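Readers should treat all values here as calculations from the given coordinates under stated rules, not as data from a laboratory. Here the Cβ is made from the backbone with ideal geometry for all residues, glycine too, and neighbour counts use every protein chain on show.
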Amino acid sequence: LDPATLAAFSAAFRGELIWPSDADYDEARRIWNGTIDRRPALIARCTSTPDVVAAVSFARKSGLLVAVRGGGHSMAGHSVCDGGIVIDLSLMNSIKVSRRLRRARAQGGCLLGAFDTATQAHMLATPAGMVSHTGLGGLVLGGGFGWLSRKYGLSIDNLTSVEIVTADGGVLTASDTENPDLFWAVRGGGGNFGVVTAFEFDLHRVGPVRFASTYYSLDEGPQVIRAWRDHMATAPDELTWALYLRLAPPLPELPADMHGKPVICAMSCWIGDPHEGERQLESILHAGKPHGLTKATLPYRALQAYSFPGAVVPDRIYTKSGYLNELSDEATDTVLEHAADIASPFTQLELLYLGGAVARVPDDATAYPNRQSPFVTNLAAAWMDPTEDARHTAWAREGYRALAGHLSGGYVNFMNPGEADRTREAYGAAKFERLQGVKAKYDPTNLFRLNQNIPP
Ligand SMILES: Cc1cc2nc3c(=O)[nH]c(=O)nc-3n(C[C@H](O)[C@H](O)[C@H](O)COP(=O)(O)OP(=O)(O)OC[C@H]3O[C@@H](n4cnc5c(N)ncnc54)[C@H](O)[C@@H]3O)c2cc1C
């Protein structure tokens with residue numbers, strides 16, 4: 001490490017440096033995917049945009065492999081690197097909300113729960129992921145979907161501008177009117193094009209939400225999933241209905257003879273009038289007998305903080321996901337045969353219906369692929385014992401291969417560390433090559449390669 005560069009970076013960087021000798025280094029480098037044990041040479045905790053600029057320039061000059069960390073939830077483990085530098089944005093957590101203009105400006109290191117807390121102070125909101133502590137950074141740059149998406153689209157579908165630090169250390173504002181090629185690419189292209197230090201979103205009024213969660217016996221699985229698939233094909237935007245095949249959590253609402261056994265966990269909500277929501281959710285809650293039924297009228301920030309029942313954070317995860325255009329009866333059976341073999345109490349086989357507002361955005365308006373594929377299956381193995389990695393990974397892998405005949409594309413934010421190759425297939429040829437032209441203009445060095453990578 002050349003000293004003049006380091007020393008001038010020390011004079012510009014008004015944040016915290018964590019070195020491999022420091023006590024807090026083992027914790028600071030930990031990311032949510034515990035199977036990713038990497039030793040960065042240097043962890044930089046930025047507090048403002050000039051901090052990131054200094055961190056970007058110093059990494060460019062010094063030749064260090066760049067990681068960027070928002071909330072650290074990368075299923076591929078991109079946010080920590082072996083022997084490089086970590087531009088850590090976790091301290092840049094602030095949000096300014098205009099209730100009157102319905103505008104939220106959030107720093108690149110925000111967590112979802114912080115963002116939704118600030119907007120819900122004015123009963124405002126904009127779509128994002130379902131787990132409170134995942135980061136706004138990586139989620140939004142990949143698309144971002146959740147409870148508000150069928151009504152209001154992806155997270156990017158409400159983005160209006162970004163402040164971004166490009167590989168050359170320059171700071172650019174990208175929007176629909178300013179650097180619009182870059183705005184297209186960051187809306188689905190990940191961290192490939194620079195470090196976003198500020199997002200601006202349009203917001204929506206979201207009052208109380210009538211919500212429901214329940215569990216169905218697996219030997220009623222066929223009629224439940226079929227009812228689910230059949231209903232969502234024509235369901236109104238306001239109804240979001242998700243299925244999570246999993247081992248029943250040992251919760252008092254469920255009978256003890258169901259604890260630990262595979263079930264279907266159905267979570268449903270109605271974005272709109274709670275009285276219309278109660279009528280709507282009752283029309284979908286009885287495809288089979290609902291066990292452990294919880295129905296509530298929750299403020300939207302409570303809905304955001306609910307997932308997942310049991311409130312356990314796993315240490316180790318491996319995920320295989322893809323989209324479906326159709327969910328045949330044979331595919332439904334296949335899902336059920338593999339869900340019955342679930343081993344860890346923290347593993348889920350997620351089945352989501354997007355569509356709605358997501359699919360009414362034209363294919364080419366952003367960089368997010370597969371808007372016209374409604375279904376998402378996410379085989380999400382999650383466990384604690386690091387000596388058991390092979391048996392839980394094998395469940396995701398072998399379940400994915402049995403469904404390969406229905407699966408196409410892939411959400412970049414659900415990719416596991418060994419899926420660097422799925423990139424061209426996930427984006428498609430037209431989107432991949434346009435992304436490469438933005439990557440050629442803004443990061444021709446591929447300084448930012450710790451992501452679902454798009455080489456220039
Ligand atoms: C428990 C859990 C639940 C999830 N639920 C959902 C969900 O409901 N819906 C959904 O759509 N996705 C979901 N995700 C996935 C989430 O969208 C991605 O994992 C996302 O990448 C997480 O971002 P992060 O910032 O926390 O991750 P990190 O690991 O920090 O980073 C992810 C990627 O984005 C880059 N990045 C992060 N911040 C920035 C920034 N400011 N500028 C540039 N690049 C940046 C990193 O370089 C990295 O390549 C979930 C993930 C987890 C772990």
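Restricted to helices (runs of 4 or more DSSP H) entirely inside segment 55-153, those with at least 1 residues that are within 7 Å of the ligand (Cβ to nearest atom) are 136-142.
Which one is surrounded by the fewest Cβ atoms within 10 Å (Cβ to Cβ) among residues in segment 154-175 that are assigned to a loop (DSSP other than H, G, I, E, B) and more than 10 Å from the ligand (Cβ to nearest atom)? Break it down into steps so the answer makes sense when it comes.
If we filter segment 154-175 for residues that are assigned to a loop (DSSP other than H, G, I, E, B), which is where we start, we get 154-155, 166-170.
Within this subset, residues satisfying the condition of being more than 10 Å from the ligand (Cβ to nearest atom) are 166-170.
On the way: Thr166: 21, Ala167: 22, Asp168: 17, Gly169: 17, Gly170: 13.
Across segment 154-175, the extreme among qualifying residues is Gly170.
For segment 135-166, the set of residues classified as touching a strand residue (DSSP E or B) at 6+ places or on another chain (Cβ under 7 Å) and within 19 Å of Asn93 (Cβ to Cβ) consists of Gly135, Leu136, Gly137, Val140, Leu141, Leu159, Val162, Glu163, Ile164, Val165, listed by residue number.
For segment 356-405, the set of residues classified as part of a helix (DSSP H, G or I), out of contact with any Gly (no Cβ under 9 Å at 6 or more places or on another chain) and surrounded by 21 or more Cβ atoms within 10 Å (Cβ to Cβ) consists of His392, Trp395, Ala396, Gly399, listed by residue number.
Scan segment 406-427 residue by residue and report those that are in a loop (DSSP other than H, G, I, E, B) and out of contact with any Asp or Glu (no Cβ under 9 Å at 6 or more places or on another chain). The answer is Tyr411, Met415, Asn416, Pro417, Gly418, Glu419. Only one of the numbered conditions (1) closer than 25 Å to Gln348 by Cβ; (2) charged (D, E, K, R); (3) surrounded by fewer than 22 Cβ atoms within 10 Å (Cβ to Cβ) is not met by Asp181, and that is (1).
A count restricted to segment 307-321 and to residues that are under 21 Å from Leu285 (Cα atoms) and within 12 Å of the ligand (Cβ to nearest atom) stands at 2. If you go through segment 1-52 and pick out every residue that is among the hydrophobic types (A, V, I, L, M, F, W, C), within 13 Å of the ligand (Cβ to nearest atom) and farther than 30 Å from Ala382 by Cα, you end up with 2. For segment 335-363, the tally of residues that are more than 21 Å from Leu239 (Cβ to Cβ) and of a type in the set (D, E, K, R) stands at 3.
One line per residue, one yes/no per condition, for (1) touching a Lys or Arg at 6+ places or on another chain (Cβ under 9 Å); (2) aromatic (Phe, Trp, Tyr):
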| position | (1), (2) |
| --- | --- |
| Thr119 | yes, no |
| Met130 | no, no |
| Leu141 | yes, no |
| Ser175 | no, no |
| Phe211 | yes, yes |
| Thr214 | yes, no |
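Annotation note: Cβ proximity below 6 Å between a residue of segment 390-404 that is of a type outside the set (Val, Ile, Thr) and a residue that is surrounded by fewer than 20 Cβ atoms within 10 Å (Cβ to Cβ) and assigned to a helix (DSSP H, G or I) (sequence gap 6+ or interchain) occurs for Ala402/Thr334; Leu403/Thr334. Can you confirm whether segment 314-330 contains a residue that is in a helix (DSSP H, G or I), under 30 Å from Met123 (Cα atoms) and out of contact with any helix residue (DSSP H, G or I) (no Cβ under 8 Å at 6 or more places or on another chain)? Scanning segment 314-330 turns up no residue that is in a helix (DSSP H, G or I), under 30 Å from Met123 (Cα atoms) and out of contact with any helix residue (DSSP H, G or I) (no Cβ under 8 Å at 6 or more places or on another chain).
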